[PDB]
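K.L.:
Can you keep this structure in mind? I'll have questions shortly.
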Amino acid sequence: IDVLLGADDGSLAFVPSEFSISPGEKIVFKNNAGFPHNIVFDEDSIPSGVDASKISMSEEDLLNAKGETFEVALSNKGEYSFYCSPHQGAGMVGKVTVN
Ligand SMILES: [Cu+2]
């Protein structure tokens, strides 16, 4: 599943922001507009035994160019909340459910 980092109208959002995937299904986060951006999984809002470092960029890590991507596949079932560090307050957050 392809997820845009910034909307086509320049909005600071993940498109789509809420979605469900199956275990092993690739998520490709792609820089679109308003970059730099990153994708950080909230360590307190992912399956409790999951290592957020295995699936997340650090808050300092950034995707700098249009078209640059961050790819990750989630294994463990459950809800995973994530956000873009620099734009969290602006509302650039999402939630993916692995079922
Ligand atoms: Cu962002």
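K.L.:
Evaluate the relative contact order of the chain (contact order divided by residue number), counting alpha-carbon pairs under 8 angstrom at least 6 apart; express in whole percent.
P.N.:
Normalised by residue count, the contact order of the chain is 35 percent.
K.L.:
Let me make sure I get this right: for region 59-98, a, b and c are the square roots of the gyration tensor eigenvalues over alpha carbons, sorted descending. Under 1.5 in a/c it's rounded, otherwise prolate if a/b > b/c, else oblate. Which is it?
P.N.:
oblate
K.L.:
Moving to a separate point now. Pull up the DSSP beta bridges for the chain and report the antiparallel fraction as a percent, rounded to 5.
P.N.:
So the antiparallel bridges amount to about 65 percent of the total.
K.L.:
So, in nm, how far is label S20 from label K95 when the simple model puts each one 7 Å beyond its Cα toward the Cβ?
P.N.:
1.3 nm
K.L.:
Check cross-link reach from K30 to the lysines: straight Cα distance under 18 Å, and skip same-chain residues fewer than eight apart.
P.N.:
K66, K95
K.L.:
How would the chain be classified by its alpha-carbon gyration tensor: rounded, prolate or oblate, with rounded meaning a/c under 1.5 and the a/b versus b/c comparison settling the rest?
P.N.:
prolate
Readers should treat all values here as calculations from the given coordinates under stated rules, not as data from a laboratory. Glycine also receives a Cβ, built like all others from the backbone with ideal geometry; neighbour counts cover every protein chain displayed.
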